[PDB]
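Trainee: here is my input, please return the structure:
(chains A, B, C and D)
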Amino acid sequence: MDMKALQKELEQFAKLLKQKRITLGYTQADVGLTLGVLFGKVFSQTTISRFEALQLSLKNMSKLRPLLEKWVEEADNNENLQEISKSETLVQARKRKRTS
Amino acid sequence: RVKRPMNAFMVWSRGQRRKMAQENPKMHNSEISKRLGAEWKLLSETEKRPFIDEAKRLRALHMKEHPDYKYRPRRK
DNA sequence: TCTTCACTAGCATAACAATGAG
DNA sequence: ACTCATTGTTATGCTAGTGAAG
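Mentor: Residues are numbered from 1 along each chain as shown, chains lettered A, B, ... in the order given. What follows is the structure:
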């Protein structure tokens, strides 16, 4: 609609993206690699850095935003999966050792 | 001033080089660091895993603590 | 086709984390 | 107040490659 509101929304999103990638333990290179794997288009560390630095074309920022949203969804899913699985293994091993 | 967070190598290297200096003083950190890069290259994923998870936790806590950090070098 | 102009995704590589003796 | 090594994560100088308007 206007460049002001869009850039505001985007800059806040970029912050949020960084936040999530750190809390999930992906390097910049890692995000590039995984985006590459699940959408079949390679992304360099460089472009990810540029994204997180809001140093990309508004078009490119908004072009990547959907891709990152899907990525974040998939990343967060995998995190929850692993977390649940790990605690499951914990309970398991614990009980087992205990009785044995 | 906020210093940049340490990677997995740096974590493990920090652990090692203290014991190595206690063990054998008057060894310079140059020999030490060559030795430790050499050693680290030889570890398996299994072996690396806790230091990787530790460095992840450190980066997380660093961002949590200093939300508005940005790595700002001094380029040649 | 050749010349500037201006962007552009990526390739390289330096900067800086820890440590403390030269 | 340096230099010194090390690996790995980040920023970015520097492209070779790509058109647009003269």
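
Trainee: in what helix or strand does residue A:92 lie?
Mentor: helix A:58-99 (DSSP states H and E).

Trainee: what's the distance between that helix and the middle of its chain?
Mentor: Its chain's average C-alpha position is 10 Å from that of helix A:58-99, according to CA atoms, centre = their mean, to the nearest Å.

Trainee: list the contacts for the residue nearest in space to the middle of chain B?
Mentor: Nearest to the mean C-alpha position of chain B, by CA atoms, centre = their mean, lies residue B:10 at 0.8 Å. With contacts defined as CB atoms under 8 Å, 6 or more residues apart in numbering or on different chains, residue B:10 is in contact with residue B:55. Every residue, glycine included, has its C-beta placed from N, CA and C.

Trainee: ok, residues contacting the lengthiest helix in chain B?
Mentor: Counting residues, the longest helix found in chain B (DSSP state H) is helix B:45-65. Identification of contacts with helix B:45-65 by CB under 8 Å, 6+ apart yields A:18-19, A:22-23, A:25, B:5-8, B:10-12, B:69.

Trainee: assign residue B:68 to helix, strand or coil.
Mentor: Here residue B:68 takes the coil state, with states given by DSSP: H, G, I helix; E, B strand; the rest coil.

Trainee: residue A:68 reaches residue A:17, doesn't it?
Mentor: Yes. With contact defined as CB atoms under 8 Å, residue A:68 and residue A:17 form a contacting pair (5.7 Å).

Trainee: joint contacts of these two?
Mentor: Taking CB under 8 Å, 6+ apart as the contact rule, residue A:68 and residue A:17 both touch residue A:51.

Trainee: got a list of what the residue most central in space within chain A touches?
Mentor: Nearest to the mean C-alpha position of chain A, by CA atoms, centre = their mean, lies residue A:72 at 3.9 Å. Contacts for residue A:72 (CB under 8 Å, 6+ apart) come out as A:17, A:20.
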